[PDB]
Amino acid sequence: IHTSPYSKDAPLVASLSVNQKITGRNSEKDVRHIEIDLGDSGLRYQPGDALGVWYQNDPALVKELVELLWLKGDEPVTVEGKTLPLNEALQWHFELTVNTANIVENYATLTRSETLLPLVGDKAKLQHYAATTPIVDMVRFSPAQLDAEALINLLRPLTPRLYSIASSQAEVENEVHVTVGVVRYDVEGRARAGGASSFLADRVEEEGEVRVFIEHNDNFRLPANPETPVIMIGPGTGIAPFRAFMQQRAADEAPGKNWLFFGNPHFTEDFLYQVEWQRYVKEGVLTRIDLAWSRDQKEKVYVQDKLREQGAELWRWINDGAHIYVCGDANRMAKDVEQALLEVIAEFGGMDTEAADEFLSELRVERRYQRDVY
């Protein structure tokens, strides 16, 4: 019923309409609010879905790599059977911004780096090297000749990055919006960044071309049912889909109660989309909002601490049939929010541990505990 030309292979050639820094002038983060125009295409998506974004590497990063190897583009290389100049394969077809244990160990072996060979066969050193030294600086630090084919052989194909959608088409129309944290760091003074997030944030697009597709997520959806209470836990860039949810519930005039738990380092710099949350609260759509600012005062505070502190009202909402949503960092945040939810269930339901556990699992079976963590 909704088939669509357009997918990860065959993406829509869309364009960039807004690229706006959303963190204040003293934040440590660079977060962009992006809006991509979907023209005529009819690309459709629902709150909860994600936008797949094809990206190109930075041409100044390819150039730095090409030059440290003594090559230029000129060098023909084979990518999936077609013959291309090396700087095109590097800009469009291969990953340059993520280093791995495997790429280090292979590059070490291949070039016989005098300086990286001591890492070969040592997992912990390899992962540590990779986790701190991007490809381009591994080559700076270990000069060695590499043909263009041996260079391409070593790299991993480029793949699109997924960004939770931050808009509802009922509000925005033929537009998609996304909330991108831009990965930025430096090695000795050389500015480095995430391939896709820095592409969106700094390069291709000027107001300008982007290749996109929808990654549907039927396991991350508002209640069909405008009256069911929703609980939303999305710190940092995890707030995206919750901006999709609220655009939807405001446009549909759903009367259901909505609660947002949000968190980030500083109230005055990292309150993503702060004046929307104020208008939502003012219009009656956002019922409750709890905020955790980790760096504003000494003791570190996170959304899990706020869940714990609102346990009793959380338990009352859960008992009113609330849906619970978690979005954001899978590594520590998802796990710490889970435990806090288990502790709220145990303490305000009457149960302790295994029963709290069965209770959350029943909520998930049942589709009242949905997560999009990454």
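Residue numbers run from 1 along the displayed sequence.
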| query | finding |
| --- | --- |
| 68-76 or 159-167, whichever carries the higher mean Cα B-factor | 68-76 |
| 250-258 or 134-142, whichever carries the higher mean Cα B-factor | 250-258 |
| From 198, 99, 83, 111, residue of greatest CA B-factor | 83 |
| Identity of residue with top Cα B-factor, from 13, 356, 22, 18 | 356 |
| For residue 348, the third of its chain into which the C-alpha B factor falls | highest |
| Third of the chain, ranked by Cα B-factor, where residue 228 sits | highest |
| Position of residue 295 among the chain's modelled residues by C-alpha B-factor, lowest, middle or highest third | highest |
| Position of residue 180 among the chain's modelled residues by C-alpha B-factor, lowest, middle or highest third | lowest |
| Residue 240 - Cα temperature factor, lowest/middle/highest third of chain | lowest |
